[PDB]
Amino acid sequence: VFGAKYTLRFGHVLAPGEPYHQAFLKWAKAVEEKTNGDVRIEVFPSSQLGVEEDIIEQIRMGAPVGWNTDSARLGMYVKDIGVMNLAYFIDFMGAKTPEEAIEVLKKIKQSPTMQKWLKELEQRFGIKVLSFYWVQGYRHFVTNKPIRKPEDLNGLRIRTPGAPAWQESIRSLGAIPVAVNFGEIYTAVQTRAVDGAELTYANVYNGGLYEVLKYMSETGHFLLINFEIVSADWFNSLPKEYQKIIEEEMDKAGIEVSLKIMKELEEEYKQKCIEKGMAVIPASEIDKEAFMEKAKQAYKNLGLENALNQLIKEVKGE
């Protein structure tokens, strides 16, 4: 009293106050406005605590919940969609600038193959993708040794997220992948349990990791594409007009924060990291083709090369 008719609780939107959170709050406010207060969206920052959450099982259960997740997770369910979390994916799709990256994502969305995968996620698993135009930016190696070619990673324990798309990718580039809770990366480096990480400049700066790692080597080996999911059962319970408002408003909010991240914020954080004494190995000094060539073996090890090729075909319009 006198509240909304539908309430959505949307979680895992990363750290409080940061760009993603800001953008989800903009999205929520716009859906609320355009639905006349009938849809209320509550936005929950990520916890850094190490607690079990079965986020997909809630989505399957039909709860009024959503999550900021990724294709490394969704690829556990419909295997092939996981190709979008593999090393150099956006480069293999031909994107070489921020604006080009967003345009490729739009082409992937209208692709018959993506539409297939999204229908399988919905029907077989009850997962509705509202958007994947949410990009955290390019990830680079963060180490105490410059990385210019694959051989430089040999023997290096590099922490990367726990799912196979990440682990196999970092392994194929030449490193030993290691899982470590993000909030514990600093501890893992200071206590010498790992040799480095692979992160965005925002992650490195906000974590104060420049205190313990000296080099940012700009391999640009991942572009982190987030997938924004809700229960298919819940989404379908909404009126069609509201279904369209929710999806359109978040594709819009997503495009907006993705470009701000890629065109401005990551640049600012780079400057701040330089000002904290880090040494940047620029992209032009790195054998990126050698890394791209090593990356192909992750696609093969996981069975996702056909998936990539299939996407390449339909996007090469036009």
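In this text, residue numbers run from 1 along the sequence as written.
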Stretch exceeding the other in mean C-alpha B-factor - 51-59, 65-73
51-59
Mean B factor on CA atoms, stretches 165-173 and 237-245, record says higher is 237-245
Reading the B-factor column of the entry, which of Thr219, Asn206, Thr113, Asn144 has the highest value at its C-alpha atom?
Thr113
Deposited CA B-factor, highest of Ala202, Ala179, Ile108, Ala87
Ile108
Among the chain's modelled residues, which third holds the C-alpha B-factor of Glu33?
highest
Lowest, middle or highest third: where is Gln123 by Cα B-factor in its chain?
highest
C-alpha B factor of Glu275, ranked within the chain: lowest, middle or highest third?
lowest
Classify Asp251 as lowest, middle or highest third according to the C-alpha B-factor given in the PDB entry, relative to its own chain.
middle
Rank-wise, by C-alpha B-factor, drop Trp117 into the lowest, middle or highest third of its chain.
highest
